[PDB]
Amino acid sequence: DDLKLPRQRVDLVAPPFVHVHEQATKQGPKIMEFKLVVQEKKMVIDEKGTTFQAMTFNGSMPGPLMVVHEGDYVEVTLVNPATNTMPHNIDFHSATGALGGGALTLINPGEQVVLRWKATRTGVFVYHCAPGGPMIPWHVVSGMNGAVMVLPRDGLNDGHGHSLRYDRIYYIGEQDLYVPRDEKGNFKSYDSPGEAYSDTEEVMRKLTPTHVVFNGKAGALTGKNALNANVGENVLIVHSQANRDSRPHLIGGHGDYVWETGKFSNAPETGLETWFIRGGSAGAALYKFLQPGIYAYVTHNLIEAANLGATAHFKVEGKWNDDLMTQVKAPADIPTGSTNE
């Protein structure tokens, strides 16, 4: 029985940016058409140049953020070009049935498949590859995961009948990586994903990542690729982790409204310091910037953040508010008449 709705093709963009979309809409349901192309490739994952045999949707870690509204249909063309070596598929945590779509999307190199799922559940959700058995964790921790956001047609709200609107949106995908080391402790390089598998599985079994990165590599979202904002902007930060828990924190800020389980049928929590993304989920936080300067966005296992790669920066333009915070006295020698014991 053919589905007779308007069709809209969406052009995906690389994270941490997001394709153009409406928050609130008075459009009715549409068939929203997306294409994802699997790419297996070697990628650089840290500031010392360590390489890694990655597997990706659309060439990025994370895969791109897809944005639709409640009641839309999502028609995904998944493509596995013949230059790839492995079968792949896709599981949407937003979707109902057939292992999230994985049981309908297994494609060999040289094949494509078209899946349609109805967006009946609001929130941010993980999507990931899941070919079967031990291949499931391996494909996910090799980079084959992203997220989808299903907005209410009226946009976000505070759970108390007040509209919330973001000025800007970023998608932070966090990736735990398991890179083998040689006897001297140096990271090993491989010529293919298959050649890396046996040694990688041994690291995976001990459940301790070697790297924890945002946007696919240590330092990806620092320096020139810091995330921009302005004082007064309400920024939505979508965070996903397909395999392992995370505890996001905006250093110098807060989560004004946080959906840490990521589902917009639930009222957000207010005024959080640190929130929790359970492995296998996406969450989202709104924050209105009140001060200019550098902010560090981390997982608040600080060892992970500083030493394994999991720090992003915001660079925020505007005027400093000395009422909220001020340096009353700059660093100075301790007065000779001081005690301090």
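Note that residue numbering begins at 1 and tracks the sequence as displayed.
- The PDB entry records a higher mean C-alpha B factor for 185-193 than for its counterpart among 185-193 and 122-130.
- Mean CA temperature factor is higher for 176-184 when stretches 176-184 and 88-96 are set side by side in the entry.
- Residues shown: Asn225, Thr261, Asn243, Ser142. Highest C-alpha temperature factor in the entry: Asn225.
- Highest C-alpha temperature factor among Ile251, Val235, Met204, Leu156, as the PDB entry reports it: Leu156.
- When all modelled residues of the chain are sorted by CA temperature factor, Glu273 is found within the lowest third.
- Among the modelled residues of the chain, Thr311 sits in the middle third by CA temperature factor in this PDB entry.
- Placement of the Cα temperature factor of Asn58 within the chain: middle third of the modelled residues, per the deposited record.
- Compared with the other modelled residues of the chain, the Cα B-factor recorded for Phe52 ranks in the highest third.
- Per the PDB record, residue ranking by Cα B-factor puts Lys42 in the highest third of the chain.
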